[PDB]
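Here's the structure we're looking at; comments come further down.
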Amino acid sequence: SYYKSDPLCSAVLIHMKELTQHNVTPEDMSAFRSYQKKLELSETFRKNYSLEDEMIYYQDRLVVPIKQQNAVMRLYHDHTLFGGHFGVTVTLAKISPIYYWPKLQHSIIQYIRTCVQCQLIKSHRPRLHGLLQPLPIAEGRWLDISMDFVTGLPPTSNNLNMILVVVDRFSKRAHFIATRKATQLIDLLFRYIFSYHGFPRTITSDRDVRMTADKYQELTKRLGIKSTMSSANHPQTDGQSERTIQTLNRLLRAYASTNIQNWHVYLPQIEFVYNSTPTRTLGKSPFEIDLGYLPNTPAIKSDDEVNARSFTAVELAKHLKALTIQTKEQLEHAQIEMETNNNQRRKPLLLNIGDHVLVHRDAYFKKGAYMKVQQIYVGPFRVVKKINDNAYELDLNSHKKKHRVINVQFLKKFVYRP
DNA sequence: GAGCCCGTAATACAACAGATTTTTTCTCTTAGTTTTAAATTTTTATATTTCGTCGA
DNA sequence: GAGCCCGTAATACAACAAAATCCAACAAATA
DNA sequence: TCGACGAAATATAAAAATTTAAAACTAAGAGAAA
DNA sequence: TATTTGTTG
DNA sequence: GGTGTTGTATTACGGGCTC
DNA sequence: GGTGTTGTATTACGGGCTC
């Protein structure tokens, strides 16, 4: 039960094979590509096709007619003759030692994008699927605020359990919100610690139940506060707070190495140390990014001046304007530097309407659902809206899934074939 | 240089790195409880609505 | 080219990516 | 085809006196999701 | 001799 | 509307000397 | 004695044409 026991006088290679035969030319519809290929063969000298008793082949490899292309690549890709659904390299190593197939690599990668199980099972670095495209930089001071918290720490005396952080996107000002892992009184403690400065414009946070929080969201809609609400298991958007708790974790380890179970005393020292230390992407201390009144003043900084903003009373407007201008251009510099050092391999994905994208078992099933060697056979979903440049909402075929926003790091767009 | 086709063929990039239950609120869904007010009678004069009928 | 000192100063590279239970099973420690 | 009347339906304020929902109010039970 | 308790894929 | 982001050793580029 | 390692899209380099 072997193949190639069939003559085909109507295919692309007929023009190539009549270079010796010159007998019959029964071309088909859309066979004008064969005419152009024969013209290119005529103006060049690459004649290596061998014609031996109906076996027309290349120098050592069997050229296959285009009628049975899919049959051959399915035979050497599926388990009919022990393929195994591998990549283009193993498929070439199975086919190219035996067959030639002009533009074989493009045909094989097209088949990889065609075969459904390879789309659902393979990953092929599904963490580089969209550009960086960071947050818009800022406005006037204390208008954008980043919100997140680490769920659990070694508990203190039974009054405090975990640390919440507030750092603004502009100035990156540390904060010490020590919660109890909380209730609807989140707005009480949160209000007491941001309203020390004032009400922001948008909150960059995750889809956490203390902030998804239909009771708390309506408060923000009434008050005039937006909510970015980073999607399920995509904590990258929170950013400044995540980077702060990275710096806080080192600081908390430093100040509580031998002093576990009472770190709530040292937490204001943690935030004050974070506040007094200059950063890199802005080059100035977060006091200086705000009203520059580093109160410790161990020594005067470089370019010695008055450096006493307490003496200035009415002229603070020009000083804050100057700080705002230089910090805004520094934020733009940080944005472009991040975009340069990150997008060296980040391939974009821009669809925005009418596709059948997937979600490869991350933010689709539960974060608490165990990942194992169980098959990854998420069905072909649909996309109806372009919610952002780096995400697309889906019509999750479930009860509700409680969210339908999927960042591009889980999509891996499905492609059909007739 | 300058590009193009195509055919091979190198090429850095990332996955294998014990896996699962909890922890703390929240938010639909769906079955059980509780307090309370309401379906047909007398009735009494008042008035207006809407049928219902009758008359020349 | 050719290298060196020194003084700044850019520069990719990785950490924040929820936290903490055991599962199964080796061998030490008493009583 | 305009006039002429009869008559149930309500409120009404009590005392009452058996059945019927019936919608707030709890309380599992799943499903999220840092 | 059963119930522990260090560490490790 | 809504989607990364800085801390850190490490390393690259100008004044001043030998040319 | 004892300590990474390949699968995979992706991309870079020679024959043959225009020069």
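Each chain of the structure tokens is named A, B, ... in the order shown, its residues numbered from 1; ligands are numbered from 1 in display order.
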| request: Show which residues sit within 8 Å of range 4-20 of chain C, as a PyMOL selection string. Count only C-alpha atoms (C1' of nucleotides), and ignore same-chain residues fewer than 3 positions away. | output: (chain A and resi 150-153+235-236+242-246+341) or (chain B and resi 22-23) or (chain D and resi 34) or (chain F and resi 11-12)
Atoms to include: N, CA, C and O atoms (P, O5', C5', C4', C3', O3' and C1' of nucleotides). Write the selected residues as a tab-separated table (two decimals), in the first residue's frame.
chain	number	residue	atom	x	y	z
A	150	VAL	N	1.32	41.88	48.49
A	150	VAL	CA	1.66	40.47	48.66
A	150	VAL	C	0.73	39.87	49.70
A	150	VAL	O	0.46	40.49	50.73
A	151	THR	N	0.21	38.67	49.41
A	151	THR	CA	-0.91	38.13	50.17
A	151	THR	C	-0.50	37.76	51.59
A	151	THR	O	-1.22	38.07	52.55
A	152	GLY	N	0.64	37.10	51.75
A	152	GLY	CA	0.99	36.58	53.06
A	152	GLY	C	2.44	36.74	53.47
A	152	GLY	O	3.37	36.60	52.67
A	153	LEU	N	2.63	37.05	54.74
A	153	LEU	CA	3.91	37.16	55.42
A	153	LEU	C	3.82	36.33	56.68
A	153	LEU	O	2.73	35.95	57.10
A	235	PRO	N	0.46	40.32	36.12
A	235	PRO	CA	0.78	41.37	37.09
A	235	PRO	C	1.74	42.43	36.58
A	235	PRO	O	2.18	43.27	37.37
A	236	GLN	N	2.11	42.39	35.30
A	236	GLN	CA	3.11	43.31	34.77
A	236	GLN	C	2.63	44.75	34.78
A	236	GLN	O	3.43	45.67	34.97
A	242	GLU	N	4.84	46.73	42.01
A	242	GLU	CA	5.56	45.46	41.98
A	242	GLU	C	7.06	45.67	42.11
A	242	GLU	O	7.75	44.93	42.83
A	243	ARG	N	7.60	46.69	41.44
A	243	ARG	CA	9.02	46.96	41.56
A	243	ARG	C	9.35	47.50	42.95
A	243	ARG	O	10.44	47.24	43.48
A	244	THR	N	8.42	48.23	43.55
A	244	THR	CA	8.63	48.72	44.91
A	244	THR	C	8.64	47.57	45.92
A	244	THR	O	9.51	47.54	46.80
A	245	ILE	N	7.71	46.62	45.79
A	245	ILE	CA	7.72	45.48	46.71
A	245	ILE	C	8.90	44.57	46.43
A	245	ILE	O	9.32	43.80	47.30
A	246	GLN	N	9.45	44.61	45.21
A	246	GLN	CA	10.76	44.00	44.99
A	246	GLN	C	11.82	44.69	45.83
A	246	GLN	O	12.61	44.04	46.53
A	341	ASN	N	15.34	48.20	24.98
A	341	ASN	CA	15.97	46.99	25.50
A	341	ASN	C	15.00	45.83	25.64
A	341	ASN	O	15.45	44.72	25.96
B	22	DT	P	-7.00	21.39	51.78
B	22	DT	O5'	-6.64	22.72	52.60
B	22	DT	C5'	-6.87	24.00	52.02
B	22	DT	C4'	-5.83	25.00	52.50
B	22	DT	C3'	-6.39	26.26	53.12
B	22	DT	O3'	-5.51	26.73	54.14
B	22	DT	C1'	-5.16	26.84	51.20
B	23	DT	P	-6.11	27.35	55.49
B	23	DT	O5'	-6.05	28.93	55.23
B	23	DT	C5'	-4.80	29.57	55.02
B	23	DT	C4'	-4.99	30.97	54.48
B	23	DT	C3'	-6.33	31.62	54.84
B	23	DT	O3'	-6.12	32.73	55.71
B	23	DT	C1'	-5.74	31.99	52.56
D	34	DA	P	-6.10	38.60	39.68
D	34	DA	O5'	-4.50	38.71	39.63
D	34	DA	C5'	-3.68	38.17	40.68
D	34	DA	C4'	-3.56	39.12	41.87
D	34	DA	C3'	-2.21	39.15	42.54
D	34	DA	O3'	-2.07	40.34	43.30
D	34	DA	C1'	-3.75	37.92	43.87
F	11	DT	P	31.77	42.42	32.49
F	11	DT	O5'	31.64	43.66	31.49
F	11	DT	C5'	30.47	43.79	30.70
F	11	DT	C4'	30.36	45.19	30.12
F	11	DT	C3'	31.59	45.68	29.35
F	11	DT	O3'	31.17	46.26	28.13
F	11	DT	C1'	30.94	47.28	30.92
F	12	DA	P	32.14	46.27	26.85
F	12	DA	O5'	31.88	47.70	26.19
F	12	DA	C5'	30.55	48.10	25.89
F	12	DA	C4'	30.43	49.62	25.90
F	12	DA	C3'	31.51	50.36	25.12
F	12	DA	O3'	30.92	51.41	24.37
F	12	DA	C1'	31.44	51.16	27.35
| said: I'd like the contact shell of residue 1 in chain A - 12 Å cut-off, only C-alpha atoms (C1' of nucleotides), skipping same-chain residues fewer than 3 positions apart - returned as JSON, numbers by chain. | reply: {"A": [4, 5, 81]}
| message | Which of range 125-315 of chain A end up as strand (DSSP E) when DSSP is run on this backbone - answer as a PyMOL selection string? | response | chain A and resi 144-149+162-168+177-179+202-205+226-227
Selected residues written out with N, CA and C atoms, as a PDB file, in the first residue's frame:
ATOM      1  N   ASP A 144      -1.771  59.527  39.133  1.00  0.00           N
ATOM      2  CA  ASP A 144      -1.815  58.105  38.821  1.00  0.00           C
ATOM      3  C   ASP A 144      -1.195  57.342  39.981  1.00  0.00           C
ATOM      4  N   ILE A 145      -1.845  56.258  40.400  1.00  0.00           N
ATOM      5  CA  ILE A 145      -1.438  55.504  41.579  1.00  0.00           C
ATOM      6  C   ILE A 145      -1.477  54.017  41.247  1.00  0.00           C
ATOM      7  N   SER A 146      -0.427  53.297  41.639  1.00  0.00           N
ATOM      8  CA  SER A 146      -0.329  51.860  41.422  1.00  0.00           C
ATOM      9  C   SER A 146      -0.651  51.108  42.708  1.00  0.00           C
ATOM     10  N   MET A 147      -1.464  50.057  42.586  1.00  0.00           N
ATOM     11  CA  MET A 147      -1.999  49.324  43.725  1.00  0.00           C
ATOM     12  C   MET A 147      -1.779  47.827  43.565  1.00  0.00           C
ATOM     13  N   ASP A 148      -1.110  47.222  44.547  1.00  0.00           N
ATOM     14  CA  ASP A 148      -1.048  45.772  44.713  1.00  0.00           C
ATOM     15  C   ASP A 148      -0.474  45.485  46.091  1.00  0.00           C
ATOM     16  N   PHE A 149      -0.485  44.204  46.453  1.00  0.00           N
ATOM     17  CA  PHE A 149       0.023  43.765  47.741  1.00  0.00           C
ATOM     18  C   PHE A 149       0.367  42.286  47.667  1.00  0.00           C
ATOM     19  N   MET A 162      -0.293  41.450  56.350  1.00  0.00           N
ATOM     20  CA  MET A 162       0.340  41.641  55.052  1.00  0.00           C
ATOM     21  C   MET A 162       0.489  43.130  54.771  1.00  0.00           C
ATOM     22  N   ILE A 163       1.343  43.440  53.798  1.00  0.00           N
ATOM     23  CA  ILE A 163       1.719  44.810  53.470  1.00  0.00           C
ATOM     24  C   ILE A 163       1.119  45.189  52.122  1.00  0.00           C
ATOM     25  N   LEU A 164       0.443  46.334  52.093  1.00  0.00           N
ATOM     26  CA  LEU A 164      -0.068  46.961  50.883  1.00  0.00           C
ATOM     27  C   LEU A 164       0.777  48.192  50.590  1.00  0.00           C
ATOM     28  N   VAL A 165       0.951  48.508  49.311  1.00  0.00           N
ATOM     29  CA  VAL A 165       1.822  49.602  48.899  1.00  0.00           C
ATOM     30  C   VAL A 165       1.057  50.560  47.999  1.00  0.00           C
ATOM     31  N   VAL A 166       1.357  51.847  48.142  1.00  0.00           N
ATOM     32  CA  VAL A 166       0.905  52.875  47.216  1.00  0.00           C
ATOM     33  C   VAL A 166       2.141  53.645  46.780  1.00  0.00           C
ATOM     34  N   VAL A 167       2.465  53.578  45.492  1.00  0.00           N
ATOM     35  CA  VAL A 167       3.472  54.440  44.888  1.00  0.00           C
ATOM     36  C   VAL A 167       2.865  55.057  43.636  1.00  0.00           C
ATOM     37  N   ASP A 168       3.028  56.366  43.486  1.00  0.00           N
ATOM     38  CA  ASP A 168       2.467  57.042  42.328  1.00  0.00           C
ATOM     39  C   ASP A 168       3.346  56.809  41.107  1.00  0.00           C
ATOM     40  N   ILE A 177       1.062  50.716  53.877  1.00  0.00           N
ATOM     41  CA  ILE A 177      -0.296  50.287  54.203  1.00  0.00           C
ATOM     42  C   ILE A 177      -0.225  48.855  54.731  1.00  0.00           C
ATOM     43  N   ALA A 178      -0.356  48.695  56.043  1.00  0.00           N
ATOM     44  CA  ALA A 178      -0.210  47.396  56.697  1.00  0.00           C
ATOM     45  C   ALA A 178      -1.600  46.852  57.010  1.00  0.00           C
ATOM     46  N   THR A 179      -2.051  45.896  56.206  1.00  0.00           N
ATOM     47  CA  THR A 179      -3.395  45.349  56.299  1.00  0.00           C
ATOM     48  C   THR A 179      -3.380  43.979  56.977  1.00  0.00           C
ATOM     49  N   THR A 202      -6.508  57.851  38.037  1.00  0.00           N
ATOM     50  CA  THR A 202      -6.672  56.452  37.681  1.00  0.00           C
ATOM     51  C   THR A 202      -5.878  55.593  38.652  1.00  0.00           C
ATOM     52  N   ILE A 203      -6.322  54.351  38.811  1.00  0.00           N
ATOM     53  CA  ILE A 203      -5.654  53.371  39.655  1.00  0.00           C
ATOM     54  C   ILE A 203      -5.173  52.246  38.757  1.00  0.00           C
ATOM     55  N   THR A 204      -3.866  52.011  38.745  1.00  0.00           N
ATOM     56  CA  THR A 204      -3.281  50.924  37.970  1.00  0.00           C
ATOM     57  C   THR A 204      -3.078  49.740  38.906  1.00  0.00           C
ATOM     58  N   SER A 205      -3.915  48.720  38.756  1.00  0.00           N
ATOM     59  CA  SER A 205      -3.934  47.613  39.699  1.00  0.00           C
ATOM     60  C   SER A 205      -4.332  46.342  38.964  1.00  0.00           C
ATOM     61  N   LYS A 226     -10.540  56.458  37.700  1.00  0.00           N
ATOM     62  CA  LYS A 226     -10.561  55.377  36.727  1.00  0.00           C
ATOM     63  C   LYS A 226      -9.913  54.126  37.318  1.00  0.00           C
ATOM     64  N   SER A 227      -9.880  53.051  36.533  1.00  0.00           N
ATOM     65  CA  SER A 227      -9.354  51.777  37.016  1.00  0.00           C
ATOM     66  C   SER A 227      -8.845  50.983  35.824  1.00  0.00           C
TER      67      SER A 227
END
| request: Hey, list the chain G side of the contact with chain A: 10 Å cut-off, only C-alpha atoms (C1' of nucleotides), answer as a VMD selection string. | output: chain G and resid 7 to 9 15 to 17
Output file for the selection above: N, CA, C and O atoms (P, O5', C5', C4', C3', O3' and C1' of nucleotides), as a PDB file, in the first residue's frame:
ATOM      1  P    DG G   7      15.589  17.250  19.656  1.00  0.00           P
ATOM      2  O5'  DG G   7      14.382  18.293  19.573  1.00  0.00           O
ATOM      3  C5'  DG G   7      13.340  18.251  20.540  1.00  0.00           C
ATOM      4  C4'  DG G   7      12.307  19.356  20.324  1.00  0.00           C
ATOM      5  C3'  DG G   7      11.843  19.588  18.895  1.00  0.00           C
ATOM      6  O3'  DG G   7      10.489  20.004  18.929  1.00  0.00           O
ATOM      7  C1'  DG G   7      12.980  21.520  19.688  1.00  0.00           C
ATOM      8  P    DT G   8       9.717  20.409  17.583  1.00  0.00           P
ATOM      9  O5'  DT G   8       9.972  21.982  17.450  1.00  0.00           O
ATOM     10  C5'  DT G   8       9.669  22.853  18.536  1.00  0.00           C
ATOM     11  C4'  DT G   8       9.767  24.302  18.099  1.00  0.00           C
ATOM     12  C3'  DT G   8       9.548  24.525  16.605  1.00  0.00           C
ATOM     13  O3'  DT G   8       8.677  25.622  16.390  1.00  0.00           O
ATOM     14  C1'  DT G   8      11.623  25.461  17.268  1.00  0.00           C
ATOM     15  P    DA G   9       7.291  25.394  15.614  1.00  0.00           P
ATOM     16  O5'  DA G   9       6.824  26.864  15.204  1.00  0.00           O
ATOM     17  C5'  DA G   9       7.552  27.596  14.232  1.00  0.00           C
ATOM     18  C4'  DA G   9       8.078  28.891  14.817  1.00  0.00           C
ATOM     19  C3'  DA G   9       8.207  30.037  13.831  1.00  0.00           C
ATOM     20  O3'  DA G   9       8.139  31.277  14.519  1.00  0.00           O
ATOM     21  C1'  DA G   9      10.360  29.303  14.476  1.00  0.00           C
ATOM     22  P    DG G  15      28.716  28.921  -4.073  1.00  0.00           P
ATOM     23  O5'  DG G  15      27.407  28.589  -4.927  1.00  0.00           O
ATOM     24  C5'  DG G  15      27.532  27.928  -6.178  1.00  0.00           C
ATOM     25  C4'  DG G  15      26.188  27.818  -6.872  1.00  0.00           C
ATOM     26  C3'  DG G  15      26.111  28.513  -8.229  1.00  0.00           C
ATOM     27  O3'  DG G  15      25.347  27.729  -9.127  1.00  0.00           O
ATOM     28  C1'  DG G  15      24.461  29.402  -6.798  1.00  0.00           C
ATOM     29  P    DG G  16      25.568  27.875 -10.711  1.00  0.00           P
ATOM     30  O5'  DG G  16      24.436  28.910 -11.152  1.00  0.00           O
ATOM     31  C5'  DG G  16      23.070  28.585 -10.962  1.00  0.00           C
ATOM     32  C4'  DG G  16      22.178  29.748 -11.350  1.00  0.00           C
ATOM     33  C3'  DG G  16      22.738  30.660 -12.447  1.00  0.00           C
ATOM     34  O3'  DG G  16      21.698  30.968 -13.373  1.00  0.00           O
ATOM     35  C1'  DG G  16      22.106  31.944 -10.592  1.00  0.00           C
ATOM     36  P    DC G  17      22.012  31.642 -14.800  1.00  0.00           P
ATOM     37  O5'  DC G  17      20.986  32.868 -14.854  1.00  0.00           O
ATOM     38  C5'  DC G  17      20.893  33.740 -13.739  1.00  0.00           C
ATOM     39  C4'  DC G  17      19.813  34.781 -13.933  1.00  0.00           C
ATOM     40  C3'  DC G  17      20.150  35.871 -14.936  1.00  0.00           C
ATOM     41  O3'  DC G  17      18.960  36.418 -15.495  1.00  0.00           O
ATOM     42  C1'  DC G  17      20.131  36.777 -12.745  1.00  0.00           C
TER      43       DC G  17
END
| Could you write out as a ChimeraX atom specification the residues of chain A within 10 Å of chain B, counting only C-alpha atoms (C1' of nucleotides)? | /A:100,102-105,123-127,151-152,180-184,208-215,345,368-372,399-400,402
| request: Compile the residues of chain D that lie within 8 Å of chain A, evaluated using only C-alpha atoms (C1' of nucleotides), and express the compilation as a PyMOL selection string. | output: chain D and resi 31-34
Okay, now the selection with C-alpha atoms (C1' of nucleotides), as an mmCIF file, in the first residue's frame?
data_model
loop_
_atom_site.group_PDB
_atom_site.id
_atom_site.type_symbol
_atom_site.label_atom_id
_atom_site.label_comp_id
_atom_site.auth_asym_id
_atom_site.auth_seq_id
_atom_site.Cartn_x
_atom_site.Cartn_y
_atom_site.Cartn_z
ATOM 1 C "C1'" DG D 31 -16.398 30.063 40.878
ATOM 2 C "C1'" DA D 32 -12.681 34.196 40.868
ATOM 3 C "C1'" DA D 33 -8.070 35.579 41.686
ATOM 4 C "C1'" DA D 34 -3.748 37.921 43.872
#
